[PDB]
Amino acid sequence: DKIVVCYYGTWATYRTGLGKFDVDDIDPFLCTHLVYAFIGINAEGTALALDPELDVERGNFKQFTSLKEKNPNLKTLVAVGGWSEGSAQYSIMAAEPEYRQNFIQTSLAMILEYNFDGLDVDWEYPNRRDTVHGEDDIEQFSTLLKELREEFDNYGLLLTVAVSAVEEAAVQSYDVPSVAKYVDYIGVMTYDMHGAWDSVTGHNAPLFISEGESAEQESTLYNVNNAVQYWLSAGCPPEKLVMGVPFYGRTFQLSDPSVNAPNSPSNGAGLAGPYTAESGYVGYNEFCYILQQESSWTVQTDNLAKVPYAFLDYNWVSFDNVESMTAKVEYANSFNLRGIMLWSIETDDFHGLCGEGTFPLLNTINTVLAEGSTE
């Protein structure tokens, strides 16, 4: 029952040239679950298309779910929420029985009309950011999931969530047993552990302790192992714990280029990829190509954290490659986790321009899960 949960950032269709990634760029046999990111809500709970020209007029919802014509076993979910959607309107919706009912009915209508198999709830986050009702959100989130499950069971539909990873974040938002109870699985967002918002360089998804980190109070550090062990410990059964992995890296401007280890002083966000066009973020497709075309980069492996990083003068980049992806999936196998979730399919090296075949990261996930390697 190992699963591979592929998020698709559907705005990638607007990229140009080799960065453009449409629905028909998806390989429906490299995922078991494919997730359409994102739909949204209003404060009264009405589910809505965030890019109706694409989603509705140009038929993108239906093209996405029509991937089941190629792989009939594929499950196609629609994800509501995401970073840009924020928290306020979800806080408002979840607190009012009438708005929860409206959300259940309107999300169900979109799911059935466009032939989705279920709903992924990505509220970022209960009791955080621009939340309106604060700690009430923790209870109201679990009530929302319970009521979604009750209705969705009439139609055989899936209900999943994406959640913050490390304990310090999770305890702000979730009662873990009540979240796990109603969902088919929990996708733990075990990435964005560190980024250009930090005062020092750090890894986006370190597995264990990183270079430059203190080992005292190790359980408080932001890494994948601490997050997974927290969720398991808090009552998420392994068969409902899907471990997130990133198909992107994060970029930094060093304060002093001669000090370029992990946990070195940083001055802010670094380079942007040509297509993702956001300083501080770079897709794997973009950065593997940058490394291939410029031999001046230095690539190192942090052998504490089991992840690579690269630097060139002021640029310092945390990323994940085939080797570190292998270590991550071996880790998940070793704890009998339900599977792997990835953000996001459109920044794998989907064209195979970096010499390791098309979709090297996604194929790595599928291969290591199929083989069952634990070390």
Side-chain angles (χ1 to χ4, degrees), residues 1-13 21 23-41 47-51 54-56 59-85 90 103-124 141 144-145 147-163 179-180 182-189 239-245 247 338-346 362 365:
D1 62 354
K2 298 303 181 218
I3 60 180
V4 176
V5 180
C6 298
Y7 282 78
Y8 176 35
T10 55
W11 52 88
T13 188
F21 191 106
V23 167
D24 65 3
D25 284 299
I26 295 174
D27 191 326
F29 283 101
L30 291 180
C31 312
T32 63
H33 296 66
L34 260 158
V35 185
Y36 192 107
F38 286 112
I39 64 167
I41 70 169
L48 46 88
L50 292 177
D51 187 359
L54 174 65
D55 309 324
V56 183
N60 214 49
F61 285 148
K62 184 60 167 166
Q63 283 181 230
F64 186 85
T65 61
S66 289
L67 294 168
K68 293 182 281 185
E69 279 151 36
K70 255 296 222 203
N71 177 6
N73 298 321
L74 178 71
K75 298 303 185 200
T76 56
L77 316 171
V78 64
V80 61
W83 179 261
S84 173
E85 269 283 290
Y90 296 84
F103 174 70
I104 294 165
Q105 293 306 316
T106 56
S107 67
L108 175 62
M110 292 179 73
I111 285 166
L112 294 173
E113 180 189 355
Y114 298 115
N115 196 28
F116 285 102
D117 299 297
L119 178 70
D120 183 50
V121 183
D122 297 16
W123 171 5
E124 298 186 13
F141 180 59
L144 174 66
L145 296 176
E147 293 174 359
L148 280 159
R149 166 61 56 187
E150 281 167 358
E151 186 67 32
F152 278 20
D153 273 357
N154 293 313
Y155 304 92
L157 293 166
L158 297 172
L159 176 66
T160 66
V161 293
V163 299
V179 173
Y182 303 116
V183 298
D184 292 281
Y185 55 80
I186 298 181
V188 183
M189 294 185 284
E239 71 266 15
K240 287 197 178 177
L241 200 170
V242 175
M243 191 183 93
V245 302
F247 283 15
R338 178 66 183 288
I340 296 292
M341 157 186 90
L342 49 97
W343 186 275
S344 50
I345 192 172
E346 68 269 12
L362 188 48
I365 292 169

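One-based numbering along the sequence shown. Every heavy atom of this structure was used, including side-chain atoms; hydrogens, water molecules and symmetry mates were not.
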Are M189 and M341 side-chain neighbours, meaning at least one heavy-atom pair lies under 4.5 Å? yes
Can you list the steps and then say if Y185 with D1 is a side chain to side chain contact (heavy atoms under 4.5 Å, CB included)? CA-CA 12 Å; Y185 55 80; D1 62 354; over 6 Å; no
In short, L50 meets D55 closest at the heavy-atom pair N-OD2, 3.6 Å
Determine, step by step, whether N115 and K62 satisfy the side chain to side chain contact (heavy atoms under 4.5 Å, CB included) criterion, reporting the C-alpha distance in whole Å, the side-chain angles of both residues, the deciding distance to 0.1 Å, and the verdict. CA-CA 7 Å; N115 196 28; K62 184 60 167 166; 3.7 Å; yes
If you compare all heavy atoms of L54 against all heavy atoms of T10, which two are closest, and at what distance to 0.1 Å? CD2-O, 3.7 Å
I would like to know whether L148 and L108 meet side chain to side chain contact (heavy atoms under 4.5 Å, CB included); could you show each step before the answer? CA-CA 9 Å; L148 280 159; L108 175 62; over 6 Å; no
Check whether any side-chain heavy atom of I26 sits under 4.5 Å from a side-chain heavy atom of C6, and report yes or no. no
Considering non-hydrogen atoms only, spot the tightest contact between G40 and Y90 and give its length. CA-OH, 3.8 Å
When rounded to the nearest 0.5 angstrom, what is the spacing between OG1 in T76 and CD1 in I111? 10.0 Å
Rounded distance [0.5 Å steps], OG in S107 versus CZ in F152: 4.5 Å
At what distance, to the nearest 0.5 angstrom, does CG of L112 lie from CG of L157? 6.0 Å
Heavy-atom distance under 4.5 Å between the side chains of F141 and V121, does that happen here? yes
Any donor-acceptor pair under 3.5 Å from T13 side chain to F21 backbone: no
Does the side chain to side chain contact (heavy atoms under 4.5 Å, CB included) test come out yes or no for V4 and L342, once each step is laid out? CA-CA 8 Å; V4 176; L342 49 97; 4.1 Å; yes
If every non-hydrogen atom of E85 is compared with every non-hydrogen atom of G81, which pair is closest and at what distance? CG-O, 3.3 Å
Residue pair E147 / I104, side-chain heavy-atom distance below 4.5 Å: yes
side-chain contact (heavy atoms from CB on, under 4.5 Å), paired with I186, selected from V179, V242, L241: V179
Quick check: do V161 and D122 have side-chain heavy atoms less than 4.5 Å from each other? no
Gap separating the CG atom of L159 from the CG atom of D117, nearest 0.5 angstrom: 13.0 Å
Of all heavy-atom pairs linking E346 and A12, the shortest is CG-CB, 3.6 Å
So which heavy atom on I39 is nearest to which on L48, and how close? CB-O, 3.4 Å
Nearest 0.5 Å please: distance from the CG atom of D120 over to the CZ atom of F38. 8.0 Å
Is the distance between the ring centroids of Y114 and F64 under 6.0 Å? no
Do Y8 and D25 have side chains that approach each other closer than 4.5 Å (heavy atoms only, starting at C-beta)? no
Does the side chain of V35 reach to within under 4.5 Å of the side chain of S344, using non-hydrogen atoms? no
For the atom pair CZ (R338) and CG (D184), what is the distance rounded to the nearest 0.5 Å? 7.5 Å
